[PDB]
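So this block is upload-v7.pdb, PDB, C-alpha atoms:
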```pdb
ATOM      1  CA  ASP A   1      -0.094 -46.226  37.531  1.00  0.00           C
ATOM      2  CA  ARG A   2       3.148 -46.214  35.568  1.00  0.00           C
ATOM      3  CA  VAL A   3       1.573 -43.748  33.146  1.00  0.00           C
ATOM      4  CA  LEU A   4       1.364 -41.074  35.843  1.00  0.00           C
ATOM      5  CA  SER A   5       5.154 -40.908  36.151  1.00  0.00           C
ATOM      6  CA  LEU A   6       5.607 -40.246  32.454  1.00  0.00           C
ATOM      7  CA  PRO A   7       5.568 -36.575  31.409  1.00  0.00           C
ATOM      8  CA  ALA A   8       1.936 -35.541  31.016  1.00  0.00           C
ATOM      9  CA  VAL A   9       2.754 -33.082  28.247  1.00  0.00           C
ATOM     10  CA  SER A  10       2.414 -35.118  25.063  1.00  0.00           C
ATOM     11  CA  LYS A  11       4.829 -35.117  22.162  1.00  0.00           C
ATOM     12  CA  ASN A  12       2.018 -33.471  20.207  1.00  0.00           C
ATOM     13  CA  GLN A  13       1.857 -30.609  22.688  1.00  0.00           C
ATOM     14  CA  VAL A  14       5.624 -30.167  22.551  1.00  0.00           C
ATOM     15  CA  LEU A  15       5.535 -30.160  18.757  1.00  0.00           C
ATOM     16  CA  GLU A  16       2.733 -27.582  18.757  1.00  0.00           C
ATOM     17  CA  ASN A  17       4.191 -25.320  21.452  1.00  0.00           C
ATOM     18  CA  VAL A  18       7.685 -25.407  19.932  1.00  0.00           C
ATOM     19  CA  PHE A  19       6.756 -25.051  16.252  1.00  0.00           C
ATOM     20  CA  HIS A  20       3.859 -22.705  16.841  1.00  0.00           C
ATOM     21  CA  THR A  21       4.001 -20.544  13.683  1.00  0.00           C
ATOM     22  CA  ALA A  22       5.063 -21.602  10.204  1.00  0.00           C
ATOM     23  CA  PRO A  23       8.277 -19.581   9.820  1.00  0.00           C
ATOM     24  CA  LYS A  24       8.806 -17.071   7.052  1.00  0.00           C
ATOM     25  CA  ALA A  25      11.011 -18.232   4.216  1.00  0.00           C
ATOM     26  CA  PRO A  26      13.744 -15.775   3.172  1.00  0.00           C
ATOM     27  CA  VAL A  27      12.848 -16.079  -0.531  1.00  0.00           C
ATOM     28  CA  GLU A  28       9.316 -14.819   0.136  1.00  0.00           C
ATOM     29  CA  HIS A  29      10.633 -11.270   0.542  1.00  0.00           C
ATOM     30  CA  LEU A  30      12.520 -11.589  -2.741  1.00  0.00           C
ATOM     31  CA  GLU A  31       9.618 -12.964  -4.759  1.00  0.00           C
ATOM     32  CA  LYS A  32       7.074 -10.505  -3.336  1.00  0.00           C
ATOM     33  CA  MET A  33       9.189  -7.375  -3.694  1.00  0.00           C
ATOM     34  CA  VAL A  34      10.310  -8.518  -7.152  1.00  0.00           C
ATOM     35  CA  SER A  35       6.710  -9.004  -8.275  1.00  0.00           C
ATOM     36  CA  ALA A  36       5.919  -5.474  -7.062  1.00  0.00           C
ATOM     37  CA  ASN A  37       9.065  -3.765  -8.334  1.00  0.00           C
ATOM     38  CA  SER A  38       8.230  -5.280 -11.711  1.00  0.00           C
ATOM     39  CA  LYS A  39       5.211  -2.973 -11.601  1.00  0.00           C
ATOM     40  CA  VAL A  40       7.456  -0.105 -10.500  1.00  0.00           C
ATOM     41  CA  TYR A  41       9.646  -0.920 -13.511  1.00  0.00           C
ATOM     42  CA  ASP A  42       6.669  -1.206 -15.852  1.00  0.00           C
ATOM     43  CA  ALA A  43       5.112   2.121 -15.003  1.00  0.00           C
ATOM     44  CA  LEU A  44       8.165   4.240 -14.381  1.00  0.00           C
ATOM     45  CA  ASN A  45      11.219   3.412 -16.482  1.00  0.00           C
ATOM     46  CA  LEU A  46      11.217   5.045 -20.017  1.00  0.00           C
ATOM     47  CA  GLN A  47      12.061   1.673 -21.576  1.00  0.00           C
ATOM     48  CA  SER A  48       9.051  -0.389 -20.530  1.00  0.00           C
ATOM     49  CA  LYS A  49       6.369  -1.297 -23.014  1.00  0.00           C
ATOM     50  CA  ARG A  50       3.655   0.266 -20.831  1.00  0.00           C
ATOM     51  CA  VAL A  51       5.137   3.456 -19.431  1.00  0.00           C
ATOM     52  CA  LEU A  52       2.922   5.956 -17.696  1.00  0.00           C
ATOM     53  CA  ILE A  53       4.879   8.966 -18.960  1.00  0.00           C
ATOM     54  CA  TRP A  54       2.613   9.426 -21.985  1.00  0.00           C
ATOM     55  CA  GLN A  55      -0.547   9.017 -19.918  1.00  0.00           C
ATOM     56  CA  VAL A  56       0.681  11.532 -17.346  1.00  0.00           C
ATOM     57  CA  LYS A  57       2.669  14.220 -19.193  1.00  0.00           C
ATOM     58  CA  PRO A  58       1.098  13.583 -22.575  1.00  0.00           C
ATOM     59  CA  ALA A  59       3.273  14.985 -25.426  1.00  0.00           C
ATOM     60  CA  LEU A  60       3.599  18.190 -27.416  1.00  0.00           C
ATOM     61  CA  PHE A  61       3.433  17.394 -31.108  1.00  0.00           C
TER      62      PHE A  61
ATOM     63  CA  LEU B   1       0.288  11.471  -4.596  1.00  0.00           C
ATOM     64  CA  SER B   2       1.177   7.786  -4.903  1.00  0.00           C
ATOM     65  CA  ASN B   3       4.763   9.001  -4.846  1.00  0.00           C
ATOM     66  CA  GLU B   4       4.185  10.636  -1.478  1.00  0.00           C
ATOM     67  CA  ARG B   5       2.699   7.429  -0.115  1.00  0.00           C
ATOM     68  CA  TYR B   6       5.510   5.346  -1.609  1.00  0.00           C
ATOM     69  CA  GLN B   7       8.025   7.654   0.045  1.00  0.00           C
ATOM     70  CA  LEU B   8       6.679   6.657   3.443  1.00  0.00           C
ATOM     71  CA  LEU B   9       6.653   3.027   2.438  1.00  0.00           C
ATOM     72  CA  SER B  10      10.335   3.564   1.674  1.00  0.00           C
ATOM     73  CA  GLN B  11      10.906   4.451   5.334  1.00  0.00           C
ATOM     74  CA  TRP B  12       9.682   1.106   6.664  1.00  0.00           C
ATOM     75  CA  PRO B  13      12.109  -0.736   8.948  1.00  0.00           C
ATOM     76  CA  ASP B  14      13.550  -3.958   7.588  1.00  0.00           C
ATOM     77  CA  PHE B  15      11.733  -6.862   9.197  1.00  0.00           C
ATOM     78  CA  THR B  16      13.612  -9.486   7.206  1.00  0.00           C
ATOM     79  CA  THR B  17      16.569  -8.816   9.481  1.00  0.00           C
ATOM     80  CA  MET B  18      14.489 -10.498  12.219  1.00  0.00           C
ATOM     81  CA  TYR B  19      13.389 -13.611  10.329  1.00  0.00           C
ATOM     82  CA  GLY B  20      16.040 -15.868  11.826  1.00  0.00           C
ATOM     83  CA  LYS B  21      15.452 -18.536  14.417  1.00  0.00           C
ATOM     84  CA  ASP B  22      17.320 -16.467  16.984  1.00  0.00           C
ATOM     85  CA  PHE B  23      14.362 -14.087  17.074  1.00  0.00           C
ATOM     86  CA  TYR B  24      11.786 -16.851  16.670  1.00  0.00           C
ATOM     87  CA  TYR B  25      12.517 -18.693  19.881  1.00  0.00           C
ATOM     88  CA  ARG B  26      13.444 -15.834  22.167  1.00  0.00           C
ATOM     89  CA  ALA B  27      10.134 -14.155  21.390  1.00  0.00           C
ATOM     90  CA  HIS B  28       6.641 -14.511  22.786  1.00  0.00           C
ATOM     91  CA  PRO B  29       4.374 -16.540  20.455  1.00  0.00           C
ATOM     92  CA  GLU B  30       1.726 -13.829  20.209  1.00  0.00           C
ATOM     93  CA  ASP B  31       4.316 -11.127  19.533  1.00  0.00           C
ATOM     94  CA  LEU B  32       5.856 -13.301  16.841  1.00  0.00           C
ATOM     95  CA  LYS B  33       2.480 -13.832  15.180  1.00  0.00           C
ATOM     96  CA  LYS B  34       1.970 -10.064  15.371  1.00  0.00           C
ATOM     97  CA  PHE B  35       5.383  -9.493  13.769  1.00  0.00           C
ATOM     98  CA  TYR B  36       4.527 -11.865  10.938  1.00  0.00           C
ATOM     99  CA  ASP B  37       1.192 -10.088  10.494  1.00  0.00           C
ATOM    100  CA  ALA B  38       3.034  -6.759  10.320  1.00  0.00           C
ATOM    101  CA  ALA B  39       5.274  -8.091   7.564  1.00  0.00           C
ATOM    102  CA  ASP B  40       2.222  -9.410   5.691  1.00  0.00           C
ATOM    103  CA  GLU B  41       0.610  -5.989   6.028  1.00  0.00           C
ATOM    104  CA  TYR B  42       3.641  -4.240   4.557  1.00  0.00           C
ATOM    105  CA  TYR B  43       3.508  -6.588   1.602  1.00  0.00           C
ATOM    106  CA  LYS B  44      -0.170  -5.723   1.126  1.00  0.00           C
ATOM    107  CA  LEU B  45       0.474  -1.966   1.301  1.00  0.00           C
ATOM    108  CA  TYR B  46       3.431  -2.190  -1.060  1.00  0.00           C
ATOM    109  CA  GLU B  47       1.587  -4.379  -3.554  1.00  0.00           C
ATOM    110  CA  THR B  48      -1.248  -1.869  -3.628  1.00  0.00           C
ATOM    111  CA  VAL B  49       0.688   1.404  -3.708  1.00  0.00           C
ATOM    112  CA  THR B  50       2.606   0.238  -6.784  1.00  0.00           C
ATOM    113  CA  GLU B  51      -0.472  -0.787  -8.761  1.00  0.00           C
ATOM    114  CA  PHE B  52      -0.022   2.137 -11.124  1.00  0.00           C
ATOM    115  CA  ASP B  53      -2.383   0.791 -13.768  1.00  0.00           C
ATOM    116  CA  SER B  54      -5.232   1.641 -11.404  1.00  0.00           C
ATOM    117  CA  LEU B  55      -4.548   5.387 -11.328  1.00  0.00           C
ATOM    118  CA  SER B  56      -5.827   5.800 -14.888  1.00  0.00           C
ATOM    119  CA  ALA B  57      -9.212   4.490 -13.778  1.00  0.00           C
ATOM    120  CA  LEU B  58      -9.111   6.370 -10.493  1.00  0.00           C
ATOM    121  CA  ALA B  59      -8.785   9.580 -12.488  1.00  0.00           C
ATOM    122  CA  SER B  60     -12.038   8.785 -14.321  1.00  0.00           C
ATOM    123  CA  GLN B  61     -13.999   9.288 -11.106  1.00  0.00           C
ATOM    124  CA  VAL B  62     -12.876  12.901 -10.689  1.00  0.00           C
ATOM    125  CA  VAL B  63     -13.576  13.685 -14.334  1.00  0.00           C
ATOM    126  CA  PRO B  64     -17.410  13.501 -14.697  1.00  0.00           C
ATOM    127  CA  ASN B  65     -18.329  15.512 -11.597  1.00  0.00           C
ATOM    128  CA  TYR B  66     -15.755  18.162 -12.481  1.00  0.00           C
ATOM    129  CA  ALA B  67     -16.929  18.318 -16.088  1.00  0.00           C
ATOM    130  CA  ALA B  68     -20.537  18.648 -14.944  1.00  0.00           C
ATOM    131  CA  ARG B  69     -19.517  21.482 -12.629  1.00  0.00           C
ATOM    132  CA  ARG B  70     -17.917  23.268 -15.578  1.00  0.00           C
ATOM    133  CA  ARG B  71     -20.962  22.620 -17.770  1.00  0.00           C
ATOM    134  CA  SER B  72     -22.756  25.507 -16.141  1.00  0.00           C
ATOM    135  CA  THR B  73     -25.761  27.492 -17.263  1.00  0.00           C
ATOM    136  CA  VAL B  74     -23.989  30.753 -16.435  1.00  0.00           C
ATOM    137  CA  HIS B  75     -20.334  30.401 -17.395  1.00  0.00           C
ATOM    138  CA  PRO B  76     -17.596  27.745 -17.393  1.00  0.00           C
ATOM    139  CA  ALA B  77     -15.354  29.943 -15.228  1.00  0.00           C
ATOM    140  CA  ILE B  78     -17.954  31.299 -12.844  1.00  0.00           C
ATOM    141  CA  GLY B  79     -17.435  31.002  -9.109  1.00  0.00           C
ATOM    142  CA  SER B  80     -18.818  32.354  -5.858  1.00  0.00           C
ATOM    143  CA  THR B  81     -16.596  35.429  -5.558  1.00  0.00           C
ATOM    144  CA  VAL B  82     -17.341  36.847  -9.018  1.00  0.00           C
ATOM    145  CA  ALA B  83     -21.034  36.112  -8.513  1.00  0.00           C
ATOM    146  CA  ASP B  84     -20.900  37.893  -5.155  1.00  0.00           C
ATOM    147  CA  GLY B  85     -19.248  40.966  -6.650  1.00  0.00           C
ATOM    148  CA  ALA B  86     -21.833  41.021  -9.399  1.00  0.00           C
ATOM    149  CA  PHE B  87     -24.518  40.689  -6.751  1.00  0.00           C
ATOM    150  CA  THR B  88     -23.256  43.838  -5.064  1.00  0.00           C
ATOM    151  CA  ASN B  89     -23.166  45.608  -8.432  1.00  0.00           C
ATOM    152  CA  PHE B  90     -26.677  44.372  -9.194  1.00  0.00           C
ATOM    153  CA  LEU B  91     -28.017  45.134  -5.714  1.00  0.00           C
ATOM    154  CA  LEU B  92     -26.344  48.405  -4.756  1.00  0.00           C
ATOM    155  CA  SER B  93     -27.123  49.958  -8.100  1.00  0.00           C
ATOM    156  CA  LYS B  94     -30.711  51.073  -8.447  1.00  0.00           C
ATOM    157  CA  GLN B  95     -33.235  48.219  -8.696  1.00  0.00           C
TER     158      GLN B  95
END
```

Reformat the file's structure so that it appears as structure tokens.
Amino acid sequence: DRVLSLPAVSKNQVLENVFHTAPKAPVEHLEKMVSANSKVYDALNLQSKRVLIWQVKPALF
Amino acid sequence: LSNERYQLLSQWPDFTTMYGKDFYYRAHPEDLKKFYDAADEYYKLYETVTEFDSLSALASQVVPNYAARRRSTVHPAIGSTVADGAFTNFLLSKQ
């Protein structure tokens, strides 16, 4: 019964109770907010190719 | 209106100040999974409030019902108050 003096918590259980969640990378915030502020740039700049300012306040020719 | 929603997505507290491993290992596992779900939810809300190419098709669902309400058999500018005043003038005059 040598096995009953070893720690009963396996190395698997340590590795799954210590690294429980896959941690958030810091570049995920950058790439997500950049891919959404590209849409903020596209709609709302006055130099984008697809501005909303002519679909919203049309013109007066 | 999307501007008034985006103004209250501009007041969201910065959760990427708590992405370090100091806050990972001091924290309860369920509260950390909830914190990561809250960050994922902010990314969903911010990806969908800045989809401004969808407003031009959202506006086409207000247009047909409004245009059918203006396409009236009486008048384009008729409403309930003018019709009520004309009902008093029609009713309280003789027959």

I need the residue set behind the ChimeraX specification (/A :<12) & /B for this file; please write it as a PyMOL selection string. chain B and resi 2-3+6+14-37+39-40+42-57+59

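When CA of residue 53 (chain A) is paired with CA of residue 5 (chain B), their separation reads 19.0 Å.
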
Provide the CA of residue 66 (chain B) to CA of residue 78 (chain B) distance in Å, to one decimal place. 13.3 Å

Calculate, to one decimal in Å, the centre and edge lengths of the box along x, y and z of the file that holds all listed atoms of region 46-50 of chain A with 4 Å of margin on each side, and present them as JSON.
```
{"center_x": 7.9, "center_y": 1.9, "center_z": -21.5, "size_x": 16.4, "size_y": 14.3, "size_z": 11.0}
```

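Straight-line separation from CA of residue 82 (chain B) to CA of residue 61 (chain B): 27.8 Å.
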
Will you model N, CA and C atoms for region 49-65 of chain B and pass it back as a short mmCIF file (atom, residue, chain, number, x, y, z; two decimals), in the coordinates of the input?
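File produced: out_31.cif:
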```cif
data_model
loop_
_atom_site.label_atom_id
_atom_site.label_comp_id
_atom_site.auth_asym_id
_atom_site.auth_seq_id
_atom_site.Cartn_x
_atom_site.Cartn_y
_atom_site.Cartn_z
N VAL B 49 0.30 0.04 -3.37
CA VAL B 49 0.69 1.40 -3.71
C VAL B 49 1.44 1.43 -5.03
N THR B 50 1.90 0.29 -5.52
CA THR B 50 2.61 0.24 -6.78
C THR B 50 1.76 -0.34 -7.89
N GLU B 51 0.45 -0.48 -7.68
CA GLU B 51 -0.47 -0.79 -8.76
C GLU B 51 -0.77 0.53 -9.47
N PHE B 52 0.09 0.87 -10.42
CA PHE B 52 -0.02 2.14 -11.12
C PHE B 52 -0.92 2.06 -12.34
N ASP B 53 -1.39 0.88 -12.71
CA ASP B 53 -2.38 0.79 -13.77
C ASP B 53 -3.78 1.11 -13.27
N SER B 54 -3.95 1.29 -11.97
CA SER B 54 -5.23 1.64 -11.40
C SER B 54 -5.45 3.14 -11.29
N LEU B 55 -4.39 3.94 -11.41
CA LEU B 55 -4.55 5.39 -11.33
C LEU B 55 -5.29 5.95 -12.53
N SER B 56 -5.14 5.32 -13.69
CA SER B 56 -5.83 5.80 -14.89
C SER B 56 -7.32 5.54 -14.84
N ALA B 57 -7.78 4.65 -13.99
CA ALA B 57 -9.21 4.49 -13.78
C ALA B 57 -9.68 5.19 -12.53
N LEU B 58 -8.77 5.50 -11.61
CA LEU B 58 -9.11 6.37 -10.49
C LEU B 58 -9.33 7.80 -10.95
N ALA B 59 -8.61 8.23 -11.98
CA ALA B 59 -8.78 9.58 -12.49
C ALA B 59 -10.11 9.76 -13.21
N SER B 60 -10.75 8.69 -13.66
CA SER B 60 -12.04 8.78 -14.32
C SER B 60 -13.20 8.90 -13.36
N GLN B 61 -12.95 9.02 -12.07
CA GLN B 61 -14.00 9.29 -11.11
C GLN B 61 -13.99 10.73 -10.63
N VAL B 62 -12.96 11.48 -10.99
CA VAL B 62 -12.88 12.90 -10.69
C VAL B 62 -13.36 13.66 -11.92
N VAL B 63 -13.28 13.00 -13.07
CA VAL B 63 -13.58 13.68 -14.33
C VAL B 63 -15.05 14.03 -14.53
N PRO B 64 -16.03 13.12 -14.34
CA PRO B 64 -17.41 13.50 -14.70
C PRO B 64 -18.04 14.54 -13.79
N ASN B 65 -17.77 14.50 -12.49
CA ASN B 65 -18.33 15.51 -11.60
C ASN B 65 -17.71 16.88 -11.85
#
```
